[PDB]
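Residue-level structure breakdown
Spelled out, the chains give:
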Protein chains: 2
Amino acid sequence: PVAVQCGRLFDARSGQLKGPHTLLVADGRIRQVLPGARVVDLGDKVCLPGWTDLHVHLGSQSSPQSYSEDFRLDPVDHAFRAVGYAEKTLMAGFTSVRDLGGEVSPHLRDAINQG
Amino acid sequence: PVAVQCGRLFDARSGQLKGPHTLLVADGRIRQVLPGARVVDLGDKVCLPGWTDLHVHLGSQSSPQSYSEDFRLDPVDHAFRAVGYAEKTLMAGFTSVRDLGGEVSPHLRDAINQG
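In short, a report on the structure.

Calculation rules
Residues numbered from 1 in each chain as written, not as in the entry; some residues may be left out. Chains lettered and ligands numbered in written order. Part of a larger assembly, values for the part shown. Heavy atoms only, no water. Disulfide = S-S within 2.5 Å. Buried < 20%, exposed > 50% of the residue type's maximum accessible area, 1.4 Å probe, protein only. Pairing = 2+ DSSP bridges. Helix = DSSP H or I, 4+ residues; strand = E, 2+ residues; numbered from the N terminus. Right-handed = clockwise from strand over helix to strand, strands pointing away. 1 Å grid on protein atoms, 1.4 Å probe; cavity = no way out; pocket = protein on both sides within 12 Å on 5 of 7 lines; lining within 4 Å. Points joined across faces, edges and corners; volume = space filled by probe spheres on them. Nonpolar A, V, L, I, M, F, W, Y, C, P; charged D, E, K, R; others polar. Contact = heavy atoms within 4.5 Å. Salt bridge = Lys/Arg side-chain N within 4 Å of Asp/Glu carboxyl O. Expected span 1.5 Å × (residues − 1). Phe/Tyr/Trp six-rings, centres within 6.5 Å; stacked < 30°, edge-to-face > 60°.

As a further point, take the state of the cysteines. Residue and element names in this part refer to chain A. Under the defined criterion, the tally for this structure stands at 2 disulfides over all chains. Here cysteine 6 engages in a disulfide with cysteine 47; their sulfurs sit 2.0 Å apart. Looking down the S-S bond of the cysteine 6 and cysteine 47 bridge, the torsion is -120 degrees, so its handedness is left-handed. Take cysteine 6 and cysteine 47: they sit in the same class, and that class is buried.

So this is what it looks like as structure tokens:
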């Protein structure tokens, strides 16, 4: 159980920014949100839910050499690039993505789900 | 039966530049060379045998997009470029070439022989 103290909270269901709050996290879900356990303090920060990107291609990235790699590179190289792509995507605040094309993405999803 | 008058003749067997000469050409061969019929005058020019290039690749030419043409082009495009390549090679003074690689060059040779 982790108690996260938030200086300001954003209510996505209303689009309004509330005041200080406290979130109780247990078993990977939110237990209770109290206005006003290991303590994580973010009193001088604005808290939001994690963002979702509904159109990404985690198995590729545009490059001047992107129109010759169909005949030179292998899916394993794309997986090794996708590791860093996914880490960079997660660190930007996007905790969920919808992948819209690519043969590496299901395997990357399986690897992330397995830890 | 043409008579080519040359102001200065180069002796490829000896390597020495000779004086004015006259070449009699009939049936695609040199009939006789006379020191000193239609007439082709080159009085103020130097006459030499046609040059030979012993290493060419008439079915290709290097370019920034050369390494991607293996998967995007067909032999027909290479032949259409080789037409101009061969015309430019002939106009430069090289009446004979040895092509050392390429599967379009035998066909270009047959086409040139057929006229």
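Now that the structure has been shown, the text picks up again.
Turning our eyes to something else, we now look at the pairing of strand β6 (residues 51–56) of chain B. Residues and elements named next belong to chain B. Sheet topology note: the β6/strand β7 (residues 94–99) ladder contains 4 bridges and is parallel. Of the residues in β7, the one forming a bridge with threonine 52 is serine 96. You can see the chain leave β6, run along helix α1 (residues 75–91) and come back into β7, and the turn it takes is right-handed.

Residues and elements named next belong to chain A. Of the pockets and cavities examined, the largest pocket occupies roughly 640 Å³. The wall of the largest pocket is formed by 22 residues, among which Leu58, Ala86, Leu108, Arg109 and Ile112 lie closest to the centre. Elements with a contribution of two residues or more to the lining of the largest pocket: α1 (75–91), β7 (94–99) and α2 (105–113). The element that contributes the greatest number of residues to the lining of the largest pocket is α2, accounting for 8 residues. Across the lining of the largest pocket, the residue classes tally to 13 nonpolar, 6 polar and 3 charged.

What follows deals with unusual backbone geometry. Residues other than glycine seldom take positive phi values, yet A:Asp27 does so here, at roughly 60 degrees. Within the secondary structure, A:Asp27 sits in the loop between β3 (21–26) and β4 (29–35).

Turning our attention to the side chain of A:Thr22. Among the structural elements, A:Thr22 can be located in strand β3. With residues up to four places along the chain from it excluded, the contact list for A:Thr22 reads A:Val4, A:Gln5, A:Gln32, A:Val33, A:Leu34 and A:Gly36.

Our focus in this paragraph is the pattern of salt bridges. Side-chain pairs of opposite charge can arise where the charged atoms are in close proximity. Following the criterion strictly, the structure yields 5 salt bridges over all chains and no others. Notably, a salt bridge pairs A:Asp27 with A:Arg31, separated by 3.5 Å at the nearest N-O pair. Among the salt bridges present, the one from B:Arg81 reaches B:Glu69, with a minimum N-O distance of 3.7 Å. Of this pair, B:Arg81 sits in helix α1 while B:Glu69 sits in the loop between β6 and α1; the two residues are 12 residues apart in sequence, bridging distant segments of the chain. Since its relative accessible area comes to 37%, B:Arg81 is described here as partly exposed.

This part is about the environment of A:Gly43. Residues and elements named next belong to chain A. Turning to its location among the elements, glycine 43 is positioned in strand β5 (residues 38–47). On the accessibility criterion, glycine 43 (49% relative accessible area) is partly exposed. Discounting chain neighbours no more than four positions away, the residues touching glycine 43 are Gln5 and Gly7.

Moving on to empty space enclosed by the protein. Empty space among the atoms becomes visible once a probe the size of a water molecule is rolled across them. All names here are of chain B. A volume near 40 Å³ is recorded for the largest cavity. Surrounding the largest cavity, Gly59, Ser60, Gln61, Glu69, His78, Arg81 and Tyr85 form its lining. Residue classes in the lining of the largest cavity are distributed as 1 nonpolar, 4 polar and 2 charged.

All names here are of chain B. Taking 1.5 Å of rise per residue, 17 residues should cover 24 Å, and α1 covers 24 Å from first to last C-alpha, within 8% of that figure. Within α1, the full set of buried residues consists of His78, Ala82, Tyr85 and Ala86. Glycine 93 sits one or two positions beyond α1 and adopts a positive phi of about 110 degrees.

What follows covers the packing of aromatic side chains. All names here are of chain A. For the structure on display, the rule yields 3 aromatic pairs over all chains. Look at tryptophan 51 and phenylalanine 94: their rings are 5.3 Å apart centre to centre, the planes differ by 50 degrees, and that puts the pair in the tilted class. Taken together, the residues span a long stretch of sequence, with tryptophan 51 in strand β6 (residues 51–56) and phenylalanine 94 in strand β7 at a distance of 43 residues. On the basis of relative accessibility, which here comes to 44%, the residue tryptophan 51 falls in the partly exposed class.

In short, geometric facts, not functional conclusions.
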